[PDB]
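Structural overview
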Amino acid sequence: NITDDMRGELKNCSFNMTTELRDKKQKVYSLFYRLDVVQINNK
Amino acid sequence: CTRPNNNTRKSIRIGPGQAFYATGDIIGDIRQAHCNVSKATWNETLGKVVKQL
Amino acid sequence: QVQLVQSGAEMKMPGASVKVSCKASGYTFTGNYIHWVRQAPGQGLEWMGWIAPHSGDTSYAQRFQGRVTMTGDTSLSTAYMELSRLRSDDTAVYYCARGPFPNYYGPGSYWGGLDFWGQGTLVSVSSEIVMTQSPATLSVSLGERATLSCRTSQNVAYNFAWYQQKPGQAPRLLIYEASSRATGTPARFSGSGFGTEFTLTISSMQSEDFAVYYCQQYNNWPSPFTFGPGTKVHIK
Ligand SMILES: *[C@@H]1O[C@H](CO)[C@@H](O[C@@H]2O[C@H](CO)[C@@H](O[C@@H]3O[C@H](CO[C@H]4O[C@H](CO[C@H]5O[C@H](CO)[C@@H](O)[C@H](O)[C@@H]5O)[C@@H](O)[C@H](O[C@H]5O[C@H](CO)[C@@H](O)[C@H](O)[C@@H]5O)[C@@H]4O)[C@@H](O)[C@H](O[C@H]4O[C@H](CO)[C@@H](O)[C@H](O)[C@@H]4O)[C@@H]3O)[C@H](O)[C@H]2NC(C)=O)[C@H](O)[C@H]1NC(C)=O
Ligand SMILES: *[C@@H]1O[C@H](CO)[C@@H](O[C@@H]2O[C@H](CO)[C@@H](O[C@@H]3O[C@H](CO[C@H]4O[C@H](CO)[C@@H](O)[C@H](O)[C@@H]4O)[C@@H](O)[C@H](O[C@H]4O[C@H](CO)[C@@H](O)[C@H](O)[C@@H]4O)[C@@H]3O)[C@H](O)[C@H]2NC(C)=O)[C@H](O)[C@H]1NC(C)=O
Ligand SMILES: *[C@@H]1O[C@H](CO)[C@@H](O[C@@H]2O[C@H](CO)[C@@H](O[C@@H]3O[C@H](CO)[C@@H](O)[C@H](O)[C@@H]3O)[C@H](O)[C@H]2NC(C)=O)[C@H](O)[C@H]1NC(C)=O
Ligand SMILES: *[C@@H]1O[C@H](CO)[C@@H](O[C@@H]2O[C@H](CO)[C@@H](O[C@@H]3O[C@H](CO)[C@@H](O)[C@H](O)[C@@H]3O)[C@H](O)[C@H]2NC(C)=O)[C@H](O)[C@H]1NC(C)=O
Ligand SMILES: *[C@@H]1O[C@H](CO)[C@@H](O)[C@H](O)[C@H]1NC(C)=O
C-alpha cells in the first residue's frame, strides 16, 4: 500500500524449479522474507 | 503477540513425490507483527525486581 | 488494482425495499471491513453500517439496524446490502467502500475511513442532514490556492477525512485523520483543524483537481460517520 510503511520485507521471487518430472522444469514463484535471502554478488 | 496476515500456502509439487509448502499470497491487515504488553504491569514488576537488586 | 463493482439502479416509494450487491477484486476480500454508505440527491453522504467479512461482525447505524441486512459471500468476493421499508432517508446513490490499511500509530477504528469506493448504485424514494461546508463553489484558475472549510454540528476524534469526486465516478480518498495524506495523493493537498471546524488546502491547483470535495467524520460506531454538503472546485 503506497507509499511504504511495511518496508516490503518480502520479495516476489521466481525461479526455474525442478519438478516431479525430472527433465522439464517449471518457472514458479514464492514470497520470501529478506531475512532469509541475500543478494548474490530484477536482481 | 499477533501476526495479522491471512496468507495462503501455494504448495508446489517439487517432487518426485515429496511436496514443498511455498508462500502463496499475503492479504488482510498489512501491519508489522508485534506484541502487546501491559505497561503499568511491567513498570510495577520491574520495580519489584529493582528492590532485590 | 483494488476495485469494487456494484449492482443496478431502482426507483421506490416510501414503504418499499431494495437489495444491492458489491463485488471486490484486487485484494483479499475477507481482509477488509466493508462500509455501506449512501448519497441522496441534493444531499450529502450517509453511513448505513459495515460488515467485517472475516469475523462476520457488523455495526449498524441506529437508524438502520432494524431494517437492514448485510451479508457477505466470501467465495464470491461479494458483499450484499438489503434495506426494507424505505423512507425518505433511503434514497440516494448507494456505495460500498472498503476500509483502509491498518496504521502504525492508530487507535481502534482509526482506519475506519472509506479507502476505496464503488461507483455507487441509484435508488430513489423521498429525503435527510449534519456538517456544513463553504464555500459552495470555488472558482479558480490553475495555479491558485484553494482552501475549503467544514463546520461540524459535533466535535471530532480527529477522525476527519476528505474525499474527491468527479460525478459519475467513484469517490476517492484525499486526506485521512484530519491531516494524513492518502497514498498516491500529492503534496499539493494538505488538511488540518479541530473541534467543529476543519479545512483542506491545495497549494497549487492542477487541472485534474477540479471535482467536488466532501468532508467526513468517521469512528467505530453507528452514528459516528457524518459527511458535509460538498464544495465544488470549478475551473475559471
Ligand atoms: C483472513 O483472510 C482470509 C483470506 O484468505 C479469510 O479466509 C476466508 O474466511 C472466511 C471465514 O471463515 C471464509 O468463509 C467461510 O466459508 C465457509 C465454507 O468454506 C469452504 O468453502 C469455501 C468456498 O470454496 C469456493 O470458493 C473459493 C473462493 O476463494 C475457491 O477458492 C474454491 O475453489 C471454491 O470454489 C472455501 O474457500 C473454503 O476453503 C478454506 O478452508 C479449507 C479447509 O476447510 C482450506 O483448505 C482452504 O485453504 C480455505 O482456507 C472451504 O472449503 C462457510 O461455511 C463459512 O461460514 C460460517 O460463518 C458464516 C458467518 O456469517 C455463517 O454464515 C455460516 O453459517 C458459518 O457459520 C464462511 O463463510 C472464506 O471462504 C475464507 N477463504 C477465502 C479464500 O477467502 C479469513 O476469513 C480472514 N480472517 C482470518 C483471520 O482467518
Ligand atoms: C491481552 O490479551 C488478553 C486475552 O488473551 C486480553 O484480555 C482481556 O482483558 C480485559 C481486561 O482484563 C477483559 O476485559 C474485561 O472483561 C470483562 C468481561 O468481558 C466479557 O463479558 C462481558 C460481560 O461481562 C461482555 O460484555 C464482553 O464482551 C465479554 O464477553 C468486562 O466486564 C470488562 O469491562 C469493564 O472494563 C472495561 C475496560 O477494560 C470497561 O470498558 C467496561 O465498561 C467495564 O468497566 C472488561 O472488558 C477481557 O475480557 C479479556 N479478554 C478475554 C479473552 O479474557 C487483554 O485485553 C489483552 N491486552 C492487550 C493490550 O490487548
Ligand atoms: C529459467 O529462467 C531463466 C531466467 O531466470 C531463463 O533464462 C534465459 O535463458 C535463456 C537460455 O540461457 C537465455 O536465452 C538466450 O539469451 C540470449 C541473449 O538474450 C540470446 O542470444 C539467445 O538466443 C537466447 O535466447 C535468456 O536470455 C535467459 N534469460 C535471462 C533473464 O537471462 C530460462 O529461460 C528459464 N527457463 C525456463 C524453462 O523458463
Ligand atoms: C509475483 O510474481 C508472479 C510470477 O512469479 C506474478 O504472477 C502473475 O500473477 C498474476 C495474478 O495471479 C497473473 O495475472 C493473471 O494472469 C491471467 C492469465 O495471463 C490473466 O487472465 C489475468 O487477467 C491476470 O493477468 C499472471 O499471469 C502471473 N504470472 C505468471 C508468470 O504466472 C505476480 O504478478 C507477481 N507479483 C508482483 C507484485 O509482481
Ligand atoms: C514507574 O512507576 C514508578 C513509581 O512506582 C515511577 O518512579 C516511574 O516513573 C514509573 N514509570 C512509568 C513509565 O511511568
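For the structure given in this document, a descriptive report is provided here. (Residues numbered from 1 in each chain as written, not as in the entry; some residues may be left out. Chains lettered and ligands numbered in written order. Part of a larger assembly, values for the part shown. Heavy atoms only, no water.)

**A look at the interface of chain A and chain B**
The criterion, for reference: The contact rule is simple, with two residues in contact once any of their heavy atoms fall within 4.5 Å. A quick way to say it: buried area is the sum, across both parts, of accessible area lost when two parts are put together, with a 1.4 Å probe. In the sections that follow, a salt bridge refers to a side-chain nitrogen of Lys or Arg positioned within 4 Å of a carboxyl oxygen of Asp or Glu. We define a polar contact as two N or O atoms separated by no more than 3.5 Å, with the added condition that, inside protein, one atom must be a possible hydrogen donor and the other a possible acceptor, whereas residues neighbouring each other in sequence contribute only through side-chain atom pairs. Strands are runs of DSSP state E lasting at least 2 residues, helices are runs of H or I lasting at least 4, and numbering of each runs from the N terminus. The classification used treats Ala, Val, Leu, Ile, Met, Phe, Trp, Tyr, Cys and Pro as nonpolar, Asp, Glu, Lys and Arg as charged, and all other residues, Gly among them, as polar.
Across the boundary between the two partners, chain A contributes 13 residues, which contact 16 residues of chain B. Regarding the contact of chain A and chain B, the summed buried area is about 1,300 Å², with carbon and sulfur atoms giving 61% of it. When the buried area of chain A at its contact with chain B is split by residue, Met6, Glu20 and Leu31 of chain A rank highest and sum to 43% of it. Where chain A meets chain B, there are 1 salt bridge. If you look at where chain A meets chain B, you find 6 residue pairs in polar contact. Within the residue set of the side of chain A that touches chain B, elements represented by two or more residues are β1 (10-17) and β2 (26-33) of chain A. Classifying every residue of the side of chain A that touches chain B gives 7 nonpolar, 4 polar and 2 charged.

**Structural notes on the side chain of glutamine 6 of chain C**
Residue and element names in this part refer to chain C. Note that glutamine 6 resides in strand β1 (residues 3-6). At 2.8 Å, the side chain of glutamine 6 and the backbone oxygen of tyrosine 94 are in polar contact. Among the polar contacts listed, one links the side chain of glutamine 6 to the backbone nitrogen of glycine 120, at a separation of 2.9 Å.

**A word on helix α1 (residues 39-52) of chain B**
The test is simple: Each helix should span, by expectation, one fewer than its residue count multiplied by 1.5 Å. Relative accessibility decides the category of a residue: with a 1.4 Å probe and only protein chains considered, values under 20% of the type maximum give buried, values over 50% give exposed, and everything between is partly exposed.
Its 14 residues place the ends of α1 of chain B 20 Å apart at the C-alpha level, agreeing with the 20 Å of an ideal helix rising 1.5 Å per residue. Of all 14 residues in α1 of chain B, 0 are buried; the element is thus mostly exposed.

**Quick look at the state of the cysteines**
Residues and elements named next belong to chain C. For clarity, the threshold we go by: Pairs of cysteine sulfur atoms within 2.5 Å are what we label disulfides.
Using the criterion set out here, one finds 3 disulfides over all chains in the structure. In this model, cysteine 22 is linked to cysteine 96 through a disulfide, with the two sulfur atoms separated by 2.0 Å. Of note, the bridge from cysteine 22 to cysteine 96 carries an S-S torsion of about 70° and is right-handed in sense. Taken together, the residues span a long stretch of sequence, with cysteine 22 in strand β3 (residues 18-25) and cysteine 96 in strand β9 (residues 92-98) at a distance of 74 residues. Residue classification places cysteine 96 among the buried residues on the basis of a relative accessible area of 1%.

**Looking at the sheet that holds strand β18 (residues 189-194) of chain C**
Residues and elements named next belong to chain C. Where we set the bar: At least two bridges found by DSSP between two strands is the condition for calling them paired. Helix axes are fitted to C-alpha atoms over the stretch in contact, other axes to C-alpha atoms as well, and angles between N-to-C directions run from 0 to 180 degrees.
Taken in spatial order, the 4 strands of this open sheet run β12-β14-β19-β18, and their pairing is antiparallel. With partners counted over all chains shown, the strands left at the sheet margins are β12 (132-134) and β18, one partner each. Strand-to-strand twist across the sheet, computed as the mean angle between neighbouring axes with direction ignored, equals 20°. The pairing of β12 with strand β14 (residues 146-151) spans 3 bridges and is classified as antiparallel. Following the sheet pairing, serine 134 is matched in β14 by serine 149.

**Overview of empty space enclosed by the protein**
All names here are of chain C. The following threshold applies: Whether a set of points on the 1 Å grid over the protein atoms alone is a cavity depends on a 1.4 Å probe fitting there but being unable to get out, while an open set qualifies as a pocket with protein on both sides within 12 Å along at least five of seven lines; lining residues are those with an atom within 4 Å of a point. Grid points are joined across faces, edges and corners, and a volume is the space filled by probe spheres set on the points.
By volume, the largest cavity is sized at about 60 Å³. Around the largest cavity, the lining residues are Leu138, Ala146, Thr147, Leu148, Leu200, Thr201, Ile202, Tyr213, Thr231 and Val233. Counting only elements with at least two residues in the lining of the largest cavity, the list comes to β14, β19 (197-202) and β22 (231-235). Classifying every residue of the lining of the largest cavity gives 7 nonpolar, 3 polar and no charged.

**Some details on the sheet that holds β3 of chain C**
All names here are of chain C. If you trace the 4 strands from one edge of the open sheet to the other, you get β1-β3-β8-β7, paired in antiparallel fashion. Looking along the sheet, the strands with just one partner apiece sit at the ends: β1 and β7 (68-73). Across the sheet, the axes of successive neighbouring strands diverge by a mean angle of 20°, strand direction being ignored. Taken together, the 6 bridges between β3 and strand β8 (residues 78-83) define a ladder with antiparallel strand orientation. Each residue of the ladder has a partner; that of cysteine 22, found in β8, is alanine 79.

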